[PDB]
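Visitor: Enclosed are the sequence and the experimentally obtained structure.
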Amino acid sequence: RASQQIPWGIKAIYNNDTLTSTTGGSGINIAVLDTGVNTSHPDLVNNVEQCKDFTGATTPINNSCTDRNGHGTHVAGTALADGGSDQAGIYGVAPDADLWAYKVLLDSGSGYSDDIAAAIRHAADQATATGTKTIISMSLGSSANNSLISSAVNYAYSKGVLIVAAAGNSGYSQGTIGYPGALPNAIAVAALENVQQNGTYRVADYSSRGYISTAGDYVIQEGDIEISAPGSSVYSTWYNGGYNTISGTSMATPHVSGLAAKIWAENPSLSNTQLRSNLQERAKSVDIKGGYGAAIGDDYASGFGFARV
Ligand SMILES: [Ca+2]
Ligand SMILES: [Ca+2]
Ligand SMILES: [Ca+2]
Ligand SMILES: [Ca+2]
Ligand SMILES: [Ca+2]
């Protein structure tokens with residue numbers, strides 16, 4: 001059923017060209033706030049733990065999270081597909097992690113800020129209620145900084161949740177990074193393509209860029225890119241079964257949230273801040289130098305670098 005069980009981006013983040021399966025993430029929840037997720041996909045069904053809808057007339061709506069788009073299923077599979085109970089499917093970064101599929105985007109792929117904020121807060125409340133470590137993964141954003149979403153991100157971060165979000169796809173000009181990625185309390189993820197330039201992976205032209213003034217210090221302020229990951233031509237799970245290939249910072253984001261789950265499960269006593277620091281240090285150690293604006297060190301195209309296993 002799968003054309004590649006181990007897509008290029010999984011090999012890249014594992015730094016293993018002959019990787020045959022992934023591992024890790026046990027006990028960590030990845031809340032994928034997206035268009036929903038195909039709950040019966042062979043390669044996701046073993047990890048589905050929550051399924052809630054934030055787009056309806058009351059909220060949350062439990063036991064409802066249907067993907068009619070594909071985007072949410074695709075993102076989920078990059079983070080945590082497990083190969084299926086027959087080992088014949090695709091593997092994501094953290095195949096032992098739990099999936100919380102929170103539908104915050106309509107089937108069109110666009111969502112309302114109040115719904116997104118509600119889901120961010122709900123994920124935090126569920127982390128607190130269950131006593132379990134949770135990563136919010138948001139393959140979405142806007143050029144504008146909505147205060148409902150910002151305040152929700154702060155609330156979640158205060159509860160110990162890690163927030164990972166797409167940089168956006170409005171690049172490559174300076175200052176195109178969107179929100180919630182551009183928030184100080186969110187990890188903004190840039191997209192790499194499977195091309196080398198200047199001896200490293202290359203940032204995709206579409207990936208939104210941060211700002212010159214605050215890049216370079218390896219400390220995240222508002223507007224800074226943080227971590228790069230594979231985003232172009234990413235094969236993953238799809239909403240009506242099977243698989244598909246799509247591109248974007250949306251695809252890069254779950255590589256990072258999956259990596260974060262893998263690291264957190266290896267090191268489960270870490271706070272969210274400590275986990276963030278570990279991820280930042282991983283990225284720093286793999287400097288990205290390819291693509292417009294990319295430079296030696298921390299830069300506004302690729303942030304700190306490419307965090308790998
Ligand atoms: Ca769990
Ligand atoms: Ca609504
Ligand atoms: Ca940020
Ligand atoms: Ca900075
Ligand atoms: Ca760099």
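Guide: Arrived safely, thanks for sending. Residues are numbered from 1 along each chain as shown. Ligands and ions are numbered 1, 2, ... in the order given.
Visitor: quick one, phi/psi of the residue of the stretch 101-250 of the chain found nearest ligand 5?
Guide: Nearest residue of the stretch 101-250 of the chain to ligand 5, counting by C-beta to the ion: residue 200, 7.8 Å away. From N, CA and C alone the C-beta is placed, and that goes for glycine too. Taking degrees, to the nearest 10, you get phi -140, psi 170 for the backbone angles of residue 200.
Visitor: which residue packs closest to residue 249, ignoring adjacent ones?
Guide: residue 166 (3.8 Å; C-beta to C-beta, 6 or more residues apart in numbering).
Visitor: Helices along the stretch 1-150 of the chain, start to end?
Guide: For the stretch 1-150 of the chain, helices defined by DSSP state H, counting those that start in this stretch occupy the ranges 8-14, 71-80, 113-130, 147-158.
Visitor: hang on, the earlier thing: for the residue nearest to residue 249, what are its contacts?
Guide: Contacts were defined as C-beta atoms under 8 Å, 6 or more residues apart in numbering; by that measure residue 166 touches 138-141, 178, 181, 188-189, 248-250, 252-253.
Visitor: which one of the residues you listed is nearest ligand 1?
Guide: Here the nearest of the contacts of residue 166 to ligand 1, counting by C-beta to the ion, is residue 138; it sits at 18.9 Å.
Visitor: count of neighbours near that closest one?
Guide: Neighbouring residues of residue 138 were enumerated by other C-beta atoms under 10 Å; the total is 30.
Visitor: related to what we said a few turns ago, from the contacts of residue 166, pick the one nearest residue 238.
Guide: residue 250 (13.9 Å; C-beta to C-beta).
Visitor: Tell me who's in contact with residue 62.
Guide: Residue 62 touches 51-52, counting by C-beta under 8 Å, 6+ apart.
Visitor: So what sits opposite it in the bridge?
Guide: Per DSSP bridges, residues listed as beta-bridge partners of residue 62: residue 52.
Visitor: give me the number of residues near the closest residue in space to residue 139 that isn't next to it in sequence?
Guide: Excluding its sequence neighbours, the residue lying closest to residue 139 (C-beta to C-beta, 6+ apart) is residue 250, at 3.6 Å. Neighbouring residues of residue 250 were enumerated by other C-beta under 10 Å; the total is 27.
Visitor: Residue 250: helix or strand, and which one exactly?
Guide: Per DSSP states H and E, residue 250 falls inside helix 249-266.
Visitor: just checking, what packs against that helix?
Guide: Here helix 249-266 touches helix 8-14, strand 29-34, helix 71-80, strand 134-138, strand 162-166, strand 187-197, strand 227-230, helix 272-284, going by 3 or more C-beta pairs under 8 Å, 6 or more residues apart in numbering; DSSP states H and E.
Visitor: May I see the buried residues of it?
Guide: 249-265 (16 or more other C-beta atoms under 10 Å).
Visitor: Export it to PDB, keeping only CA atoms.
Guide: The C-alpha trace of helix 249-266 is given here as PDB (Å, rounded to 0.1, in the frame of the first residue of the first chain):
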ATOM      1  CA  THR A 249       5.600  24.500   6.300                       C
ATOM      2  CA  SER A 250       2.500  22.500   7.300                       C
ATOM      3  CA  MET A 251       4.500  19.400   6.500                       C
ATOM      4  CA  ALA A 252       7.600  20.600   8.300                       C
ATOM      5  CA  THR A 253       5.800  21.300  11.500                       C
ATOM      6  CA  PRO A 254       4.900  17.700  12.400                       C
ATOM      7  CA  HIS A 255       8.500  16.600  11.800                       C
ATOM      8  CA  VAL A 256       9.400  18.900  14.600                       C
ATOM      9  CA  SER A 257       6.500  18.100  16.900                       C
ATOM     10  CA  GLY A 258       7.200  14.400  16.300                       C
ATOM     11  CA  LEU A 259      10.900  14.900  17.100                       C
ATOM     12  CA  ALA A 260       9.900  16.800  20.200                       C
ATOM     13  CA  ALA A 261       7.700  13.800  21.300                       C
ATOM     14  CA  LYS A 262      10.500  11.400  20.600                       C
ATOM     15  CA  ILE A 263      12.900  13.500  22.700                       C
ATOM     16  CA  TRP A 264      10.300  14.000  25.500                       C
ATOM     17  CA  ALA A 265       9.600  10.300  25.700                       C
ATOM     18  CA  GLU A 266      13.400   9.600  26.000                       C
END
